[PDB]
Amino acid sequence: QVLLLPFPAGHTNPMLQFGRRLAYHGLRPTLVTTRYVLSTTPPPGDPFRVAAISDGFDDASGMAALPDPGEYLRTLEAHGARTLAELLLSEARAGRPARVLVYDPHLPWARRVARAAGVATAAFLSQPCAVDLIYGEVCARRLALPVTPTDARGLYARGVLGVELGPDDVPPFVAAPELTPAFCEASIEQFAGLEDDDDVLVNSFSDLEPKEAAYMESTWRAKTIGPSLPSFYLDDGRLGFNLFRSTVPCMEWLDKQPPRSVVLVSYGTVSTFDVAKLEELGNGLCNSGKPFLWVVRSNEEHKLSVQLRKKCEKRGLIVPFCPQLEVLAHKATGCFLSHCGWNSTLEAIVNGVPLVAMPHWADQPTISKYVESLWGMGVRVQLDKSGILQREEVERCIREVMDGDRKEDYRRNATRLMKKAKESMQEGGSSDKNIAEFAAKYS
C-alpha cells in the first residue's frame, strides 16, 4: 500500500487528492488517521482503505483534552509512534506491507518509525514554498532566531524569494517565536532529517512561486504536486456550471444571487475570534451592502449576538460550514474574505476568485503579502495602530476588490493564476509530471 498520514485534523484532503492520483496510476492508498477520527467520521471510500493509530485519546478528541500544543504534540508522538510501528507490522502480517509512507513532516517521528521498519518515506508539505524555505533556512542553521526582515531581504536579493517581506509579512512562528514556542519548534523540525527521506513533495505549483519552488527543489529535493484538489476543479478529464453539484442549503441561497455578487467569508477551522473581533467583521460585512456567505463555526457561534445575526439577515447567510470549493466555483461568488490559510488560498486560485486577506499567523501573513504584491489577486486588511481590525477597514477592502479602480486588476490576476494552476495539474503539467514520476517509482 501507499500509506497517507496527514496531521490528525477538512485537511486530509490535499493528501487524499494526491492519493487519488496515485490510485489512477494503479497504486493502493490507505488513509491513516487516529482511532478517534476513524470511529467518529465517515471513511473516504474507494479507492482508499483506512487504518488507524492512536494519539492517546481513542474515545474523545485529544486536542480538546490537551489544548496546550506542546503537550498535545508530545502525547501524539508517544502514542502515535508506538501505534504506527504496530500498524506497519500488522499491515505486513495482513499481506499489505507498506511500500511508502507519505506523511506530514510536523510528525517527524513518523519518518523515523517508518524507516526503522524499512518503509520508504515521502514528506508532504502542505504550506507554500515561500514559508517552507524560511523555516528550512533556520533548520539548516543558515539563519538564526528570530528571523528578521533583513534576513528576508537577503533571500529576495539572492533570487530565492520573489517578494520583499516586511515585519508584518515574515512568518511569525520564526519572526516572533516567543509568542508560540511549540509552533516555532514544530515549524523548524519539519526539516530536521528531511534529507533522509526518499521523496519530498509540496502542495504548490511552480508558476505560482517560481523562485521559491526552484530553491525548494535544489535545497530539499521538494517536488511540486499541486494544487492537490479534485480533478473536476482543475478541468482534468482523465478518469462555468459545476457538474459536482450538491444539495447543501447554502448552495440554494447562492443560486438566487446575481453573478459575481457574493462575498464568501471564512477564517478557517483553527483560529478563534473574540466577540469584539466578530462584531467588527460582521458589521463590516453588513456595512458593505453586498450579499455575503459568512462561515461562523459551530464552536464559535455562541459569540454572535442576536442583534448581529439579525443585521446579517438582510443580505447575508451565516452557516457553520460550507462546501467551500463548490462555493468558490459558483457563478454568484465575487470575492473571498479569507484568513489566507494555504488550502483556502489555493482553492481561491483554482476558481479565479479575488481575495480580501485577513491573516492571523502561521503561513497566512506571508501568503497575504504574496496575494497583494506579487500575485496581485486581492488586498490585505490594514490593522490600526493597536493591531485591531476595524469594521470600516473590512468594508473598505470589500468595496475595493468589488468596486474599486483596481477591481479588474485583481480579477485579471486571479484568472491568470487559475489557468496556470489548471495547466500544472493537467497532463504534462509541471505538477502532474512529478506525480507521475512518484507513481512510477512506487509501482
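Start at 1 and count along the sequence shown; that's the residue number.
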Residues of the deposited sequence left unbuilt between residue 240 and residue 239: 4 to 9
query: Between 131-139 and 144-152, which has the higher average C-alpha B-factor in the PDB entry?
result: 144-152
task: Decide which of the stretches 242-250 and 278-286 has the higher mean C-alpha B-factor, going by the entry.
output: 242-250
query: Which of these, 402, 37, 379, 417, has its C-alpha atom at the highest B-factor, as the entry lists it?
result: 37
message: Looking at the C-alpha B-factor values in the deposited entry, which of 349, 78, 229, 175 comes out highest?
response: 78
field: residue 9 by Cα B-factor - lowest, middle or highest third of the modelled chain
entry: highest
Residue 422, C-alpha B-factor rank within chain (lowest, middle or highest third): lowest
statement: On the chain's distribution of Cα B-factors, residue 211 falls within the third called lowest
- request: Consider only the C-alpha atoms of the modelled residues in this chain, order them by B-factor as the entry records it, and name the third containing residue 111: lowest, middle or highest.
  value: highest
message: Please place residue 291 in the lowest, middle or highest third of its chain according to the CA B-factor in the PDB entry.
response: lowest
